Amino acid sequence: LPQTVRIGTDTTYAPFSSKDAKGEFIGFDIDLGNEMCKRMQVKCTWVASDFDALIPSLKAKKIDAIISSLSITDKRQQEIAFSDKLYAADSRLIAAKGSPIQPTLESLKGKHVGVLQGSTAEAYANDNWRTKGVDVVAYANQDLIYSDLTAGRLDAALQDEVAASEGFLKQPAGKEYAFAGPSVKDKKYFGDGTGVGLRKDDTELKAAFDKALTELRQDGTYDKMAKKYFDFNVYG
């Protein structure tokens, strides 16, 4: 294991990863990463990046791990490895309160829909909606999506359900917004939970993260840290 593990994250996805008023990284991903590093007896350096630059940075050895609500998908397992599941993640649309929008091609006719570049939401929306004439706009970060949604430039946005609820719907900017239909189920695109992204050959590092994650779940640390942000079973 390296003496210092470099962990990449995109800090625009509260409650998982974001910045506080002093610029410190905060959220459930940060708490999990720091606790796992403590148990692994390694020092940790957090590195902020746009989400779509995380896998390229990991492959180029600029970072050693990704903790950034990274969904475990078949496509990504062909290029990188993952730790065991950190928590569940499903994608769901948001739109103005009272909107008739549903996550269907018919409902989205003539709508402007924002997605994060590099995300499972972008991959799903581009293949199923953009090809079929929905104006799917990809963004460098999720904060730009929420801002364009509030400016009226977007009609809807697709992202992880827990991030939209806690990071936007339950925040001042999101009071005028709500979920638009149910979460989207699609095995191929959305994967099964999130994990620490790692290079495929870093077998010792994966085993260390997996061991620390099991240990923090066994002793109840996982649930106690989760309580700060969630009143439900985020693990799934």
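Start at 1 and count along the sequence shown; that's the residue number.
For the two regions 98 to 106 and 137 to 145, the entry's Cα B-factors average higher over 98 to 106. Taking only CA atoms, the mean B-factor in the PDB entry is higher for 224 to 232 than for the other of 14 to 22 and 224 to 232.
Annotation for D155, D84, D74, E161: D155 ranks highest, by Cα B-factor. Within the listed group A88, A151, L116, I80, the record reports its top CA B-factor for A151.
Ranked against the other modelled residues of its chain, the C-alpha B-factor of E204 as given in the entry falls in the highest third.
Split the chain's modelled residues into thirds by C-alpha temperature factor. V42 is in the highest one.
Ranked by C-alpha B-factor against the other modelled residues of its chain, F28 falls in the lowest third. In this PDB entry, the Cα temperature factor of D186 sits in the top third of its chain's modelled residues, the highest group. Sorting the modelled residues of the chain by their CA temperature factor places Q171 in the highest third.
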